Amino acid sequence: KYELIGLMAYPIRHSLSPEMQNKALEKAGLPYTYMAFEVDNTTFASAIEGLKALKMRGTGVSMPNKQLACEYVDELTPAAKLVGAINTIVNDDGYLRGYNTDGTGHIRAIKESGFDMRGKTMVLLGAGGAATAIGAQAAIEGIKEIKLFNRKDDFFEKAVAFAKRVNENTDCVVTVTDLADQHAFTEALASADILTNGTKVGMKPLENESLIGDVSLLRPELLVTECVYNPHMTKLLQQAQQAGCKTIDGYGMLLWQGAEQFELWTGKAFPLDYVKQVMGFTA
Amino acid sequence: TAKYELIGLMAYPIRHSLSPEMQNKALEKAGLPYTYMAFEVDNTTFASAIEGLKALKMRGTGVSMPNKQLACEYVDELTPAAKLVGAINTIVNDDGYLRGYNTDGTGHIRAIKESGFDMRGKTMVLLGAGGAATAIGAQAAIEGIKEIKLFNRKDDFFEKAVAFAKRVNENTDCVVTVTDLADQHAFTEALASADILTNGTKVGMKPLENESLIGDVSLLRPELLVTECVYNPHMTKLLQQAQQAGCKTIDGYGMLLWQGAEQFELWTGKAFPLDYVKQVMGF
Ligand SMILES: NC(=O)c1ccc[n+]([C@@H]2O[C@H](COP(=O)([O-])OP(=O)(O)OC[C@H]3O[C@@H](n4cnc5c(N)ncnc54)[C@H](O)[C@@H]3O)[C@@H](O)[C@H]2O)c1
Ligand SMILES: NC(=O)c1ccc[n+]([C@@H]2O[C@H](COP(=O)([O-])OP(=O)(O)OC[C@H]3O[C@@H](n4cnc5c(N)ncnc54)[C@H](O)[C@@H]3O)[C@@H](O)[C@H]2O)c1
């Protein structure tokens, strides 16, 4: 009969994955049901037991389990090994494969727009789950250099370690700089082909903030990408659009991220345009 | 919807179970936020499936062959009837505390009760000593039946019948006796004193569909109530003999519907849409 696909996260409040996945599955009439489960670090190992025992087809993974999940799969992709976090598990007859679709999804959205990131230079803001996933995938896709900026918080040392892993295991060049070093930021922005916000700046309670203070730094030839999807148009994207830049919003990454999970689980093509419409992703 | 809770069915194999359709139609009719799904679970994977059930916060699960006996050691509490049977077909998860019930027993008994029959103080001839027969015998004893005259051939279930009889005789006020099906004089005499005859054996179901444990239809007095656990076919040979003799009868679907209704109510705390499900299932 139907096979189950889970989501293992805590809290699972208002995630868009259940609606996206069930709408897509129902569109093609596929024999799967996606359901979210409140699972945290203390219950994750037993949830995986459950995933194997019940013969679940797989599960999505979100906070606080993305790092822990790497230790519960039999095989990780090269990008997931650079990130040290996964958001997708596929159960192939008891053999678990882990993937990070946030990285591939963001890169796909960029590629769909017509931008070729091979040999380009990126200024990446942040060093959490979104930023590291994007940086890892960008490196694998042949981006020349990623100039990563992060403030002096808990993620700074994570950024340093992340850059070390990318520099030693890919041909990409990753640098890490304090967001407070304004001169270095301006210099990096000047050299950039793509600016990517992977921070929580732009999302509530930081919805009225942007890491760009001087819009003249936003040259029209600069591509600006955003991970934040609530609100749909962040302050940064508004600045970028007003400056005449091409942009890619959070829904781009979210949709493609989702498409990739769907395809790994079902082996069928994701009904992208349909999902985009039903989810109201186009303003 | 992400608010939905999961109710499983843990069995092997999962063939033509009517539970998924019944429960989901009923859940939908009531607009309740539950999804019922079947999972292939055997004695080897059952322990881990229960860890899954707790970790994922499933509302509960149906249990069927080959796990009904094993399941008793994985719940925290068993109803008195389940203690007599040594098997459950229902688990309810109340915040991590698991309760085990056997709705096969209560369902068959509810079916009888609905027909207008009062089993308090009555005598039953019970055929068999497997899961269905012991579930019925246990609940009937708890319902106040005076005596259960159980008949079983000399196969692996005969010693089980004896042990079952002892548990019932020692923990209820009901008197249970166990006799060899081959003892025709014993059978004839028990039938003459019976108020109710219940088939809990596989006789009547393929490949024994052309068989009935009643060889002389005159033994079926019109006042005798005949109930049948076999539901495929709907009209067993025994039920045809009984209706032909003027007996009041209860078929396998009576038991199946009420078994289901009781599981639904235990998991949801809401009324089962009985008239609706009877209608949509085709009964
Ligand atoms: N579109 C998508 O599919 C998608 C996927 C993943 C994440 N996201 C979004 O990306 C954003 C980041 O998520 P994450 O999981 O990577 O978060 P995280 O907690 O893992 O990382 C947070 C990052 O933001 C930085 N940061 C936080 N507050 C800051 C501030 N006031 N100023 C400057 N920097 C600050 C931190 O240093 C860190 O680098 C969120 O808004 C999230 O909703 C979107
Ligand atoms: N209507 C329902 O909801 C419902 C629920 C449970 C079981 N059932 C039905 O009840 C029947 C028995 O199921 P069970 O799970 O108790 O099986 P079981 O394997 O647990 O027990 C089988 C019983 O049948 C007897 N038996 C088998 N072959 C026989 C034969 N040739 N002659 C005489 N006796 C014989 C055995 O001695 C034993 O008593 C099945 O047909 C099943 O479909 C119906």
Side-chain angles (χ1 to χ4, degrees), chain A residues 1-23 25-26 30-62 65 68-69 72 89 91 93-94 96 258 278-279, chain B residues 1-25 27-28 32-64 66-67 70-71 74 91 93 95-96 98:
Chain A
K1 187 49 182 171
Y2 278 49
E3 278 179 270
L4 178 63
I5 300 173
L7 172 57
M8 293 179 187
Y10 189 89
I12 54 175
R13 54 191 181 194
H14 205 91
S15 169
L16 289 191
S17 291
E19 186 183 2
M20 281 188 54
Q21 299 296 332
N22 287 312
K23 283 292 199 309
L25 291 167
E26 288 161 5
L30 301 176
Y32 304 88
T33 301
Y34 187 101
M35 305 189 73
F37 300 107
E38 287 189 346
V39 177
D40 62 35
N41 290 179
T42 79
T43 61
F44 187 78
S46 298
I48 296 302
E49 266 185 286
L51 173 139
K52 291 181 186 179
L54 299 175
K55 301 189 184 185
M56 286 174 50
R57 171 58 185 153
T59 190
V61 185
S62 188
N65 308 312
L68 187 58
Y72 285 93
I89 292 176
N91 178 11
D93 194 20
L96 309 186
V278 187
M279 300 300 299
Chain B
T1 294
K3 298 278 59 174
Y4 279 54
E5 278 174 308
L6 178 63
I7 298 173
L9 171 60
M10 298 183 183
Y12 188 92
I14 57 193
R15 279 169 169 166
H16 309 84
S17 177
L18 298 179
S19 291
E21 183 184 355
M22 275 205 193
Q23 299 294 332
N24 286 310
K25 288 288 187 296
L27 293 168
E28 291 164 8
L32 307 184
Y34 299 91
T35 295
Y36 183 99
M37 294 191 56
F39 300 105
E40 295 197 339
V41 176
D42 60 41
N43 286 178
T44 304
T45 63
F46 191 85
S48 295
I50 290 296
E51 289 305 314
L53 170 150
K54 300 172 177 184
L56 303 176
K57 297 175 176 170
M58 291 175 53
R59 173 52 186 160
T61 190
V63 182
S64 184
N67 312 313
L70 187 60
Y74 290 94
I91 298 179
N93 180 11
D95 268 349
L98 313 184

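Naming: A, B, ... by sequence-line order, numbering from 1 per chain. Just the heavy atoms: all of them, side chains too, but no hydrogens, waters or symmetry mates, feed the values below.
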Q) For residues A:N65 and A:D40, is any side-chain donor paired with an opposing acceptor at under 3.5 Å? A) no
Q. Atom OG1 in A:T43, atom OH in A:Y10: separation rounded to 0.5 Å?
A. 10.0 Å
Q: Nearest 0.5 Å please: distance from the CG atom of A:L96 over to the CG atom of A:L51.
A: 6.0 Å
Q) Tell me, side chain or backbone of A:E38 under 4.5 Å from chain B's heavy atoms, or both, or neither? A) both
Q: Measure A:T33 against the heavy atoms of chain B and call it side chain, backbone, both or neither at under 4.5 Å.
A: side chain
Q. Is the distance between the ring centroids of A:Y72 and A:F44 under 6.0 Å?
A. yes
Q. Taking every heavy-atom pair that is under 4.5 Å apart, which of A:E3, A:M35, A:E19 has the most such pairs with chain B?
A. A:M35
